[PDB]
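Residue numbers (the authors' numbering), protein chains in the order written: chain A, 35 to 49, 79 to 321, 337 to 358, 378 to 605, 620 to 662; chain B, 35 to 49, 79 to 321, 337 to 358, 378 to 605, 620 to 662.
There are 2 protein chains.
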Amino acid sequence: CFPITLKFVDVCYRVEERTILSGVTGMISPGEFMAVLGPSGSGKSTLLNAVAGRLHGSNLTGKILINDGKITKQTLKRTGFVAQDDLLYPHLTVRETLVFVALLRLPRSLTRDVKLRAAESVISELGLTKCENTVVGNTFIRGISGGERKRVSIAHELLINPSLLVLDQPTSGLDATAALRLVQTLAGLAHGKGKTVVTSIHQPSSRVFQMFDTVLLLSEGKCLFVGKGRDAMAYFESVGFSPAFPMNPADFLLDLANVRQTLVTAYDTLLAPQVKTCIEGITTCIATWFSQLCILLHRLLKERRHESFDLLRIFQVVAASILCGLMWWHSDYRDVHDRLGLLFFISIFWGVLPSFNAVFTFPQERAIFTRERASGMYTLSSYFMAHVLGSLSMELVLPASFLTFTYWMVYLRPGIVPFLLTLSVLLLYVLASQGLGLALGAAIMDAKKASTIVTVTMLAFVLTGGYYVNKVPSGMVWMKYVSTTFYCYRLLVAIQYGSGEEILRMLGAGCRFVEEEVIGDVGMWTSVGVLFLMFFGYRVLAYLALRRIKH
Amino acid sequence: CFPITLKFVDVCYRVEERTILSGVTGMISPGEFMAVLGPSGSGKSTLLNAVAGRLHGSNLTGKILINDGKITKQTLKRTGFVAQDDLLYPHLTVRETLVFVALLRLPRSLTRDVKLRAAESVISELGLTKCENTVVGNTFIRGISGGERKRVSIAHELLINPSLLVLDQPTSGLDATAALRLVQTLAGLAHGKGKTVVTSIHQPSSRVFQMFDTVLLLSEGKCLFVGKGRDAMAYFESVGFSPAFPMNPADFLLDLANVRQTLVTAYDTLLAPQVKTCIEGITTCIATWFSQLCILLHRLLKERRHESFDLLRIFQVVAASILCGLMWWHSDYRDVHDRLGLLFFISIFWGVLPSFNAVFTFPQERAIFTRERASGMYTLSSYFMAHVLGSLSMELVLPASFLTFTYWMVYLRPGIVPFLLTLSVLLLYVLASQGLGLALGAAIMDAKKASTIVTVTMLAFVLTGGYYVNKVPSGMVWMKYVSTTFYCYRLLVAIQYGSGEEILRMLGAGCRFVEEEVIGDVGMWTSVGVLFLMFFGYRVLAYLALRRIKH
Ligand SMILES: Nc1ncnc2c1ncn2[C@@H]1O[C@H](COP(=O)(O)OP(=O)(O)OP(=O)(O)O)[C@@H](O)[C@H]1O
Ligand SMILES: Nc1ncnc2c1ncn2[C@@H]1O[C@H](COP(=O)(O)OP(=O)(O)OP(=O)(O)O)[C@@H](O)[C@H]1O
Ligand SMILES: [Mg+2]
Ligand SMILES: [Mg+2]
């Protein structure tokens, strides 16, 4: 195994400017059980958060050390953290969640059956058998109780067996017997494997307290006692405070922490020097990536079973296509002005809808993305590829259904080849718009601040598309080459009306209008290549934005 | 005070089809303390919700009675329910939240100072003085700890002094001293005022257990013991179960609840018949409404001061206006085709933006709206008026800033009268679009499907705006009068270019074009009246949708 020793010296926290912690010092060796006790608001989820490395900035003072070294990402890979909040996927069951975690983080030198057995044994040990076939749920949908979600979160980190384990009040919400059994399991995990377990209990009983190895006492940002658990009562008796009647020691510790100045001075004069002196190949990556991508795809699809399946989308897009076809019923080839508006409207529709839809993806899952990123479940590239692969399963269906009706109701230029070319061009444009929407949604954390920005950006793209204005100023004409709607409209008009040499045949001012609204100054291959470039670049920018966010 | 006798008889709950509760009978008299004890997953919280009237449907059997009568809304007005989850406004402080509650619910016959004193005394009693000047926060922003949020939620209902008080594990997350103080406060509130208090503790100490009047024991959906707390040990000693060593009685109760069949049979044979036999002016409303509206407005603006105060919105709207003005730089009055498109684009912009920005208002606050509505803090009409009044403070600024630049960069028809008329028309149109967006967002409380539905509806409105198609089918002409963009565009063109008599001096095919795209078949007054009608109707439909949702 990998031993870990943990040290924190003169750690103080200042944010008004109030002090949350000050003058806390201590260590925990491997194979030692650490408790962080204190009254409510004394500071118990901030020391552990800083211990786990989840806190940064200039508000942190003192020195924190792991193996006489600074906190590193490789060290953080072996750290398990169980916080108070239960950030769980609502549409999965307990079995699926724990099996996914076990497949993801267990070593890749064992068969599937061994990992499944490990997950099942972990489920059975924690007493989760009864509700192992139920939806986890969340605050909105009806799922499991609050006492089982804590055990699920416990098993989320216990499945991997991290060398360093930090728990943030894991016994809150369970009865005496269940909490005692969980504490006994933690004690067996700490003593029987030489690991480093730090926990912050709040309401411990005498039986639970008796098996605790070391206890730290915090009183509103000040340390009061540290060392062996059995010596707390003796030390406080020697300092001048004695129980009037026999009672549980932890209650006395909390009462003393809840007079305070004398205890602080006595501790600072007695235990300060003793504590201050005692302290001094390549194919494997490919295989793992593909397996992880498969697992992520399965999880994403399982989540999307009850969300992505929406008959309303098809029943509305079909109605919109029928309305569009009826409005342009059998318009002939002669009126080029009437049929040029239909292509621009199609471009507006399929540049507005996917871009607006794609902005809701990353911010929706932001709540659990940080939680899964902090532990180090998988590299962000696998998640990005999983998302882009999952989206395309449903996204591409709508434009096909739209065109299948619109192209034949309006009776555009007959031919299978123009049909296929137009469909491919429209799908590429939709992909580019979705990529732009995803990038803009990833750039800004909130899902609603980015909504207005996306709306204004795509409306500016529509304005620059070239259909509205004709007398563009000479010095402000370059913006036409940036908008994604321009290339799609040019490709559609070039496909439908060729190069314009045919149009002048029937027509024999009109020639200038046809020349300016048909030929243009951009080629087909250039338009396709630039569309592909935009589709690559938007995903690249979204990946960079996702890389930027790290706590 | 108003006494309440609470009864539940043969309450069973069945949802796979797995039973959560079955054979639960009992009663609590005024001035009596009720406990719901049991292991994790025993269904105590479901029973607590059922007794509080928060559960409906055919899944509930048995009979529930209050004062020998069914649960009514007037009775629900006297009930204070606190659950495990803490639904609090993240951008408010403790003082502001509790003061708002005290002003909203305390009787309208006392001075402001008395209510403020009640709030301050409640704050001081619960030990919240130290952090009473901090932001409450949520999972995203840094606020108060999890141990103080529970006390805030407890005070949220303690400020009212309801006759019936139901608590769902209120002591989870606090130390021994804080838990003891809260339990003593609850005991004094129950015995000293003749109230009806039902709670479900999970990890009680002997001292806490000794002051509990009555205790009910649940074992995975089955009752095990009910009656006085002091007789809990004697009954199980008589039935044939005795602890080997002296220990806390609640631990023994949980162990027995955690063998089970014999206890169930003994309880069904012994204590069943005994319990079964024991079971058997006008101006005031106006004055209050305006004050409630004032408080709601203050809370809304306090919340929006940290979110709606975005300079990006103006910095982007002014940029879009500058781009629009540069695109149409000093276009003369001769080209009607180049100038009608600008008005249509303005209509598209100011229909798309507010409608899409008004779809997330209600779903965002849905999380707390149900919690506030269940208690009965205020009528829905006050909340609706508060929301519509708060929105207009910020919404109306954007169109004015847009027009101030666009109308004079393009140099439209000079004159203060056309400027004011078109500004009023644009403001009415943006209000109507915002109303439509609000109604659609209220109809479906999800922010995912509503966005797509609103986008498709607005795109259909744009298509039916009348700028794209010219050969409309005879049987496809009525829905022109349904879209709001049609009225907005007609008003804009009528204001800018008059009745068309003016255009024909220069006009002299073109005459038909001017007649069809200038005069139309709808009047100015009709357009304004129909716009006002739509503005009223959308808010009416939104109010109906908000009224519909009741758990
Ligand atoms: N719709 C459902 N279908 C199936 N099982 C359900 C359903 N809703 C709840 N359950 C299960 O029924 C049991 C009832 O739990 P409940 O929500 O009443 O919490 P509780 O008993 O108060 O527990 P705790 O003390 O651990 O918070 C749980 O095991 C829960 O997972
Ligand atoms: N940014 C901040 N500014 C001011 N005060 C803060 C800030 N963040 C936290 N606090 C306060 O500092 C104190 C430290 O609380 P902390 O987050 O450590 O919880 P805790 O002691 O583990 O709580 P509990 O044991 O009651 O669950 C709390 O009173 C909290 O409200
Ligand atoms: Mg904490
Ligand atoms: Mg519960």
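All C-beta atoms, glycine included, are put in the ideal place defined by N, C-alpha and C.
Quiz prompt | Where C194 (chain B) falls: helix, strand or coil (DSSP) | solution = Walking along the second sequence from the start, residue 194 (chain B) turns up at place 131. Coil, per DSSP.
Quiz item: With a CB to CB cut of under 6 Å and the five nearest residues on each side skipped, what residues in its chain are close to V246 (chain B)?
Solution: By 1-based counting over the second sequence, the position of residue 246 (chain B) is 183. So the list reads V271, once near-sequence residues are dropped.
Quiz prompt | Segment contact, 8 Å Cβ cut-off, at least three pairs: the stretch 162 to 169 of chain A with the stretch 177 to 191 of chain A | solution = yes
Quiz item: Which residues, in chain order, does the stretch 515 to 535 of chain A contribute to contact with chain B at a C-beta distance below 8 Å?
Solution: none
Quiz item: Taking Cβ to Cβ, would you say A591 (chain A) is nearer than 8 Å to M635 (chain A)?
Solution: Against the first sequence, residue 591 (chain A) aligns to sequence position 494. Against the first sequence, residue 635 (chain A) aligns to sequence position 524. Yes, the Cβ-Cβ distance between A591 (chain A) and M635 (chain A) is below 8 Å.
Practice problem: For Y654 (chain B), count neighbouring Cβ atoms within 10 angstroms of its own Cβ and tell me buried if that reaches 16, exposed if not. | Solution: Residue 654 (chain B) sits at position 543 when you count from the first residue of the second sequence. Buried, by the Cβ-count rule.
Exercise. Measuring only between beta-carbons, confirm whether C585 (chain B) sits less than 8 Å from chain A.
Key: Within the second sequence, numbered from 1, the residue matching residue 585 (chain B) stands at position 488. Not closer than 8 Å to any Cβ of chain A, the Cβ of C585 (chain B) fails to qualify, so no.
Self-check item: Rounded straight-line distance, which links the Cα of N112 (chain B) to that of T355 (chain A)
Solution: In the first sequence, the residue the question calls residue 355 (chain A) occupies position 277. In the second sequence, the residue the question calls residue 112 (chain B) occupies position 49. Those two C-alpha atoms are separated by around 56 Å.
Quiz item: First and last residue of the beta strand (DSSP E) that includes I129 (chain A)?
Solution: Here residue 129 (chain A) is taken as the residue at index 66 of the first sequence, counted from 1. 126 to 129 is the span of the beta strand (DSSP E), which, as asked, contains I129 (chain A).
Practice problem: Measure from the C-beta of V569 (chain B) to each C-beta in chain A and report whether the shortest distance is under 8 Å. | Solution: Taking the second sequence and counting its residues from 1, the one referred to as residue 569 (chain B) is at position 472. Yes, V569 (chain B) lies at the interface with chain A (some Cβ there is under 8 Å from its Cβ).
Quiz item: DSSP beta-bridge partners for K291 (chain A)?
Solution: Against the first sequence, residue 291 (chain A) aligns to sequence position 228. Answer is A:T277, bridged to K291 (chain A).
Quiz item: Is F288 (chain B) near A295 (chain B), with beta carbons less than 8 Å apart?
Solution: Locating residue 288 (chain B) in the second sequence gives position 225, where the first residue counts as 1. Locating residue 295 (chain B) in the second sequence gives position 232, where the first residue counts as 1. Yes, the pair counts as a contact, with Cβ atoms nearer than the cut-off.
Quiz item: Mind pulling the chain A residues with CB within less than 7 Å of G209 (chain B)?
Solution: As a working mapping, residue 209 (chain B) is identified with position 146 in the second sequence. Going along chain A in sequence order, the residues near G209 (chain B) (Cβ under 7 Å) are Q147.
Practice problem: Verify whether the separation of the beta carbon atoms of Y504 (chain B) and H427 (chain B) is less than 8 Å. | Solution: Position 407 of the second sequence holds residue 504 (chain B). Position 330 of the second sequence holds residue 427 (chain B). Not a contact, by the Cβ cut-off of 8 Å.
Quiz item: Using a C-beta cutoff of 8 Å, does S452 (chain B) count as contacting chain A?
Solution: In the second sequence, counting from the first residue as 1, residue 452 (chain B) sits at position 355. With 8 Å as the cut-off, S452 (chain B) does not count as an interface residue toward chain A.
Practice problem: Please list the residues of the stretch 543 to 554 of chain B that have a C-beta atom closer than 8 Å to any C-beta atom in chain A, keeping them in chain order. | Solution: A544, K545, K546, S548, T549, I550, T552, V553
Quiz item: Going by the CB atoms, is the gap between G210 (chain A) and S103 (chain B) shorter than 8 Å?
Solution: To locate residue 103 (chain B), count along the second sequence from 1; it is residue 40. To locate residue 210 (chain A), count along the first sequence from 1; it is residue 147. It is a contact, given that the beta carbons lie within the stated cut-off.
Quiz prompt | Endpoints, beta strand (DSSP E) assigned at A557 (chain B) | solution = Residue mapping note: residue 557 (chain B) aligns to position 460 of the second sequence, counting from 1. Looking at the DSSP string, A557 (chain B) is not in any beta strand (DSSP E); the run it does join, the alpha helix (DSSP H), is 546 to 560.
Exercise. Examine ligand 1 and report whether any of its heavy atoms sits within less than 7 Å of the Cβ of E211 (chain A).
Key: Numbered from 1 along the first sequence, position 148 holds the residue referred to as residue 211 (chain A). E211 (chain A) Cβ: within cutoff of ligand 1.
Quiz item: Closer than 8 Å, CB to CB, is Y565 (chain A) near chain B or not?
Solution: Counted from its first residue, the first sequence places residue 565 (chain A) at position 468. So, interface residue.
Exercise. Would you kindly work out how many angstroms separate the C-alpha atoms of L489 (chain A) and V157 (chain B), rounded to a whole number?
Key: The sequence position of residue 489 (chain A) within the first sequence is 392, counting from 1. The sequence position of residue 157 (chain B) within the second sequence is 94, counting from 1. C-alpha separation (whole angstroms): 47 Å.
Self-check item: Contacts around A544 (chain A), its chain only, beta-carbon distance under 6 Å, and the 5 residues preceding and following it disregarded
Solution: On the first sequence, residue 544 (chain A) is found 447 positions in, with the first residue counted as 1. Closer than 6 Å at the Cβ level, and outside the excluded window around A544 (chain A), lie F457, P460.
Self-check item: the stretch 517 to 534 of chain A in contact with the stretch 409 to 425 of chain A per 3-pair CB rule at 8 Å
Solution: no
Practice problem: Using a Cβ cut-off of 8 Å (strictly closer), state whether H265 (chain A) contacts chain B. | Solution: Within the first sequence, the letter at position 202 stands for residue 265 (chain A). Yes, its Cβ sits closer than 8 Å to a Cβ of chain B.
Exercise. Note down, in chain order, each residue of its chain lying with its Cβ closer than 6 Å to the Cβ of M506 (chain A), except the 5 sequence neighbours on either side.
Key: Translated into the one-based positions of the first sequence, residue 506 (chain A) becomes position 409. Counting only Cβ-Cβ distances below 6 Å, and skipping sequence neighbours, we find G422.
Quiz item: So, does the CB of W575 (chain A) fall closer than 8 Å to a CB anywhere in chain B?
Solution: Your numbering for residue 575 (chain A) matches position 478 in the first sequence. No - not a single Cβ of chain B is within 8 Å of the one on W575 (chain A).
Self-check item: Beta-bridge pairing of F144 (chain A) - partner residues as DSSP gives them
Solution: If you number the first sequence from 1, residue 144 (chain A) lands on position 81. Looking at the DSSP assignment, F144 (chain A) forms a beta bridge with A:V229.
Practice problem: Report yes or no: do the stretch 271 to 287 of chain B and the stretch 85 to 95 of chain B share at least 3 C-beta pairs separated by less than 8 Å? | Solution: yes
Quiz item: For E492 (chain A), which beta-bridge partners are listed by DSSP?
Solution: By 1-based counting over the first sequence, the position of residue 492 (chain A) is 395. Paired residue(s): none; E492 (chain A) is not in a bridge.
Exercise. Starting from the beta carbon of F457 (chain A), find every residue of chain B whose beta carbon is closer than 8 Å, and list them in chain order.
Key: The residue labelled residue 457 (chain A) in the question sits at position 360 within the first sequence. Simply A544, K545, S548.
Quiz item: Would you call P570 (chain B) buried or exposed, if buried means 16 or more other Cβ atoms sit within 10 Å of its Cβ?
Solution: If you number the second sequence from 1, residue 570 (chain B) lands on position 473. Result: exposed.
Practice problem: Pull up the distance between the alpha-carbon of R117 (chain B) and that of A471 (chain B), whole angstroms please. | Solution: Along the second sequence, one-based indexing puts residue 117 (chain B) at 54. Along the second sequence, one-based indexing puts residue 471 (chain B) at 374. Distance between the alpha carbons of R117 (chain B) and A471 (chain B) is about 8 Å.
Practice problem: Could you name the residues of chain A that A218 (chain B) contacts, counting a contact when the two beta carbons are closer than 9 Å? | Solution: On the second sequence, residue 218 (chain B) is found 155 positions in, with the first residue counted as 1. Here the premise fails: no neighbours, minimum Cβ distance about 14 Å.
Quiz item: What number of angstroms, rounded off, separates the C-alpha of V261 (chain B) from the C-alpha of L167 (chain B)?
Solution: Along the second sequence, one-based indexing puts residue 261 (chain B) at 198. Along the second sequence, one-based indexing puts residue 167 (chain B) at 104. Rounded to the nearest angstrom, the two C-alpha atoms are 25 Å apart.
Quiz item: Thinking C-alpha only, which one of B:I600, B:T476, B:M576, B:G621 is nearest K136 (chain B)?
Solution: Residue mapping note: residue 136 (chain B) aligns to position 73 of the second sequence, counting from 1. The residue with the shortest Cα to Cα distance from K136 (chain B) is B:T476.
Exercise. Pick helix, strand or coil for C391 (chain B), following the three-state DSSP scheme.
Key: As a first step, residue 391 (chain B) must be located in the second sequence, where it is residue number 294. It is helical.
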